[PDB]
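Below is one structure, written out as structure tokens, with a few remarks after it.
Basis: the model, the stated rules and, where named, an outside source; nothing here is a laboratory result. Note: ideal-geometry Cβ built from the backbone for every residue, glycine included; neighbour counts use all protein chains shown.
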Amino acid sequence: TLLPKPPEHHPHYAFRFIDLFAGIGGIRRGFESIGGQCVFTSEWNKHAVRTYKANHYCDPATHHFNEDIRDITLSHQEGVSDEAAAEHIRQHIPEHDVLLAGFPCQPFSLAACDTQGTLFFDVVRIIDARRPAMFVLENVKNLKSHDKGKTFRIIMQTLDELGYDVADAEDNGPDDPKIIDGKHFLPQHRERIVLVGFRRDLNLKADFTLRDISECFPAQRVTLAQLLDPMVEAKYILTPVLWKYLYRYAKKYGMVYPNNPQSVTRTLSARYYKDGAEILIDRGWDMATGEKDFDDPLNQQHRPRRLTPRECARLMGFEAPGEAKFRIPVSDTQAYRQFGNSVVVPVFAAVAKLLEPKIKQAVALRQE
């Protein structure tokens, strides 16, 4: 069928990992690519879960799903001590070598109790309960400046107190290696912060730094044009009414010209579903004629278009140039939301590459 298929090295895997707030599998794809086995996944969005399952091999004998992480950590339940919560977590989440989480950005309004009331607390409770050798957390580019630096400070203190060393923890200047831009791999602007932790007692970090991420860049970055399909359906062209709205608005959208091989799109946002405004593909519009007379019949044959879901899946790294392997079982609007909420896959394939030898050390340590 169209059911996802196991990798070549199945049923023998190099390491085990879990996948928290997984969305549609972005971080997971990097780690699979070095032989990892996902043994647990957590994601609240049902449409996202649908896409995830159509695209990743999930054997119910060695893997399971959770929707609401609190049902496992019991963080919304009083009278449950830390140790009983920990024991309950271990019933649902198996031992793993690497923990992956894209938690969202929340203030610690209640300020390991400074973090209560946020998903980060659920993440930290799971880390305590299962002591993975390594973790990788993913978050907004401006984590350091959020809520006047309170949020980042608390996050870094809590990670340190768990007994983890975070990669490049002491470099928080304007050059922070923790901030990684997807634009070095794919033609889209997209900075995110990446927190890679190593359990201190394994003494694994050694000389690891994210500065080395540059060694993973492609010699030649694929251009935007190469990510585009030849014929696109008519529905992706903007309606007369929306184009004029957007165009007037900009006089008191981000256009991309694909014939310019250097062009880099704006971030594909969660907002993208609304109109496509941030990334419009030019189709021969003549700016002089539009300013001369906006409804000109020939010029009106050349309104810009939206990206298609297939083109979003390429721009995030879920799908190769010229290919159509990524199954999109949701409406266009649902696909735009999910792509605008993911991480850029090759960013995390690269982080996984820099980790692969460490993870091997870690597996070998515990196999003793």
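How many residues does the range 90-120 contain that are in a helix (DSSP H, G or I) and within 20 Å of the chain's Cα centre (by Cα)? It would help to see each step written out before you state the result.
So in the range 90-120, the residues in a helix (DSSP H, G or I) come out as 90-92, 113-115, 119-120.
Narrowing the set further to residues that are within 20 Å of the chain's Cα centre (by Cα) leaves 119-120.
Final tally of qualifying residues: 2.
Please pick out the residue among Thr308, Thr289 that is of a type in the set (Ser, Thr, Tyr), crowded, with 18+ Cβ neighbours inside 10 Å and not assigned by CATH to the domain that holds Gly182. Write out each step before concluding.
Details: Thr289 fails: crowded, with 18+ Cβ neighbours inside 10 Å.
Of the residues listed, the single one that is of a type in the set (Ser, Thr, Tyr), crowded, with 18+ Cβ neighbours inside 10 Å and not assigned by CATH to the domain that holds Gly182 is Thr308.
Can you list residue pairs whose Cβ atoms sit under 6 Å apart, with the first residue in the range 52-80 being assigned by CATH to the domain that holds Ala129 and the second being acidic (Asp, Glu)? Count only pairs 6 or more apart in sequence or on different chains.
Taking only residues 6 or more apart or on different chains, the pairs are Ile69/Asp122; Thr73/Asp122; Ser75/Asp122.
On the basis of being buried (at least 22 other Cβ atoms within 10 Å of the Cβ) and either closer than 27 Å to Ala362 by Cα or among the hydrophobic types (A, V, I, L, M, F, W, C) (or both), does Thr41 make the cut? Walk me through it before giving the result.
Values: buried (at least 22 other Cβ atoms within 10 Å of the Cβ): yes; either closer than 27 Å to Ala362 by Cα or among the hydrophobic types (A, V, I, L, M, F, W, C) (or both): yes.
Yes; evaluated as a whole, the condition is true for this residue.
For the range 277-324, enumerate the residues that are hydroxyl-bearing (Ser, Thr, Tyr) and either under 21 Å from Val222 (Cβ atoms) or in a loop (DSSP other than H, G, I, E, B) (or both).
Step one: of the range 277-324, the residues hydroxyl-bearing (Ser, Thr, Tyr) are 289, 308.
Result: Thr308, single match.
Run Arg130 past the list (1) among the charged types (D, E, K, R); (2) over 22 Å from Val344 (Cβ atoms); (3) under 20 Å from the mean Cα position of the chain (by Cα) and report the number of the one that doesn't hold.
Here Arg130 meets the rest and fails (3).
Is it the case, given these coordinates, that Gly149 is part of a loop (DSSP other than H, G, I, E, B), out of contact with any helix residue (DSSP H, G or I) (no Cβ under 9 Å at 6 or more places or on another chain), more than 27 Å from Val39 (Cα to Cα) and assigned by CATH to the domain that holds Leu210?
Details: part of a loop (DSSP other than H, G, I, E, B): no; out of contact with any helix residue (DSSP H, G or I) (no Cβ under 9 Å at 6 or more places or on another chain): yes; more than 27 Å from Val39 (Cα to Cα): yes; assigned by CATH to the domain that holds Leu210: yes.
So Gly149 fails the test.
Just need a number here: residues in the range 162-209 that are part of a loop (DSSP other than H, G, I, E, B) and either among the hydroxyl-bearing types (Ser, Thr, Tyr) or closer than 22 Å to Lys141 by Cα (or both).
Kept after step one, since they are part of a loop (DSSP other than H, G, I, E, B), are these residues of the range 162-209: 162-163, 167-178, 185-187, 189-190, 203-209.
Restricting the remaining residues to those that are either among the hydroxyl-bearing types (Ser, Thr, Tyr) or closer than 22 Å to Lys141 by Cα (or both) gives 167-178, 185-187, 189-190, 208-209.
Result for the range 162-209: 19.
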